[PDB]
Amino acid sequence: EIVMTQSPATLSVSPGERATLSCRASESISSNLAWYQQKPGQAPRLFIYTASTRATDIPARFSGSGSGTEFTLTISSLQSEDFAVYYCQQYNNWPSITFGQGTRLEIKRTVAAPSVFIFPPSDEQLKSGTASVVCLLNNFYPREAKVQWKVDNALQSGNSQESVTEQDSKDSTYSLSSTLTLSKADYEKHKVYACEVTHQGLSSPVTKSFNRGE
């Protein structure tokens, strides 16, 4: 099957500016290339077909070009509704079709360092035999961040999970939670609980911590 490779994986562009997304085919496909937009929770929708032709409702700021093995989708002035994932699809010899792996187009804004908060496990939870410790990174940009948990100065690995929000529609920031899960027995045998946050907006990493029982 013909392999479709999109780049970049994530494109960050400011509203009102131009975005150019790329898609490469492993074999020539002439102009037999479509592009779809997909927003979170929603079905994909056809935007461009035969490499350069817009579907009927599609605004003129969207265009496509290319033939053979290299193709682009350009959005000449970005509107808020345009930030989404875009997939390319080849159909050189239908029914043999394949999709690219997608490019996420997100909103570029000024860097915002996270506000960081740590939460100890509740006494009620501890009755259950498990302790959850939560670290919140609030309203930051860009999305990339590193969170490290330390318990009595030992770096924890393998016992945490993260969740991140979609980009906020008003301020274009993200928030992220990291949850450390430990047994009650382990929680009660250690004292200092810390989450260290590294982000390009912070000159040095920020650590928030608590001492169990204080």
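One rule holds for the numbers: they count along the sequence shown, beginning at 1.
Averaged over their C-alpha atoms, the temperature factors of 160-168 and 52-60 are higher for 52-60. Between 73-81 and 113-121, it is 73-81 that carries the larger average Cα temperature factor according to the deposited entry. Annotation for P95: CA B-factor lies in the middle third of the chain's modelled residues. Annotation for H199: CA B-factor lies in the lowest third of the chain's modelled residues. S67: CA B factor lies in the middle third for its chain, per the PDB record.
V134 sits in the lowest third of its chain by CA B factor, as recorded in the PDB entry. Ranked against the other modelled residues of its chain, the C-alpha B-factor of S31 as given in the entry falls in the middle third.
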